[PDB]
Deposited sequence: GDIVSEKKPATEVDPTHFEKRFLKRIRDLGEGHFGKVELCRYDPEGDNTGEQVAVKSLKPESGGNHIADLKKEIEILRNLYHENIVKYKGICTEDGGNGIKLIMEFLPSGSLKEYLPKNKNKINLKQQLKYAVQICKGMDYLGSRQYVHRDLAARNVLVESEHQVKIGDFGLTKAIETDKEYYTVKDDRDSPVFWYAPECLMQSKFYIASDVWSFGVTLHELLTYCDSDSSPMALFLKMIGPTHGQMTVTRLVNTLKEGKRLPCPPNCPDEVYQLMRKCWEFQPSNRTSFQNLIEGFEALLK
């Protein structure tokens, strides 16, 4: 028997966890004994794109890191089986736990995301969807990168992957090169980290979201010119403001993620040293 092969007949749905445009994550119990004693697992499936989910499954199967959600297996069409993290994402957790989470804990979460991202980077992968909604909460002390739906492999001796299909893109988290030429470098993930760091520092407050803040800067009435206006503001050197109660030294580390040219951005290794210096 293969412990990574899950039988559909024993995979019992409890409740929905969340959904995207094409994919959904559900809480299930894998109950072969039929008595509700089986382990609870997170299950990713496509709504009634199979090729992309199969590639996501193979990517996650070969990632092994404390700050990366654990692959458990598959249910053959296919479903992706992972460990279940009941606290859900930072987007859902932080607004409900401001009393539990202080700056020091926010900076440790920041270091944790950089380590998981730095490991993905070392495996020649670009995430392309690094946002707080994709960071899962293991406990009040630990976070994990929780989804790899847009992840792509960067070729050896090549510095980026060029994306053909940009239809479901989080443009308010995207670096200028991604917006202008659909070019995804590891430095593009560093740009997205800075935006995810802004979210985490504002406790994922809806009124202060990256989307809300940028629309206040560029104007909300440009329709189809919105990405063009976004690129214009970025070219002008304009950036997301300092989160309230965020010290300048943390803001300055965030500003280095957003250097217009990919080459001038601080790397994940560099950011880790930065946060650890502030924690000590």
{"property": "Deposited residues without C-alpha coordinates, grouped into stretches that follow sequence order", "result": "1-12, 61-65, 94-98"}
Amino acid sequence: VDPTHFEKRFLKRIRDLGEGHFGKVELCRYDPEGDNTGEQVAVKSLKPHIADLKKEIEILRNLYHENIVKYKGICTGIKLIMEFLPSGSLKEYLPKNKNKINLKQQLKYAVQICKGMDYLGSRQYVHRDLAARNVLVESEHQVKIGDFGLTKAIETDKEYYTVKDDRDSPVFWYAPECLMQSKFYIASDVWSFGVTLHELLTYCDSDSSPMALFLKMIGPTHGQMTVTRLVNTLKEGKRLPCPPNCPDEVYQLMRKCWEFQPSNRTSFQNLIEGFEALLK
From here on, numbers count along this sequence of modelled residues.
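The term rigid core refers to the maximal set of C-alpha atoms that superpose within 1.5 Å between the two forms.
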{"property": "Between 218-226 and 39-47, the one whose CA atoms sit farther away in 9 other deposited structures of this protein (rigid core aligned)", "result": "218-226"}
{"property": "Higher-deviation stretch (C-alpha RMS, rigid core fit) in 9 other deposited structures of this protein, choosing from 137-145 and 154-162", "result": "154-162"}
{"property": "Mean temperature factor over C-alpha atoms, higher-scoring stretch between 161-169 and 117-125", "result": "161-169"}
{"property": "Segment of higher mean CA temperature factor, 206-214 or 128-136", "result": "206-214"}
{"property": "Maximum C-alpha temperature factor, selected from 145, 154, 175, 195", "result": "154"}
{"property": "Third of chain Cα B-factors occupied by residue 231", "result": "lowest"}
{"property": "Where the record places residue 105 (Cα B-factor, split into thirds across the chain)", "result": "lowest"}
{"property": "Chain thirds of CA B-factor: placement of residue 245", "result": "highest"}
{"property": "Assigned third (lowest, middle, highest) for the C-alpha B factor of residue 112", "result": "lowest"}
{"property": "Entry-reported Cα temperature factor of residue 28, expressed as the chain third it lands in", "result": "middle"}
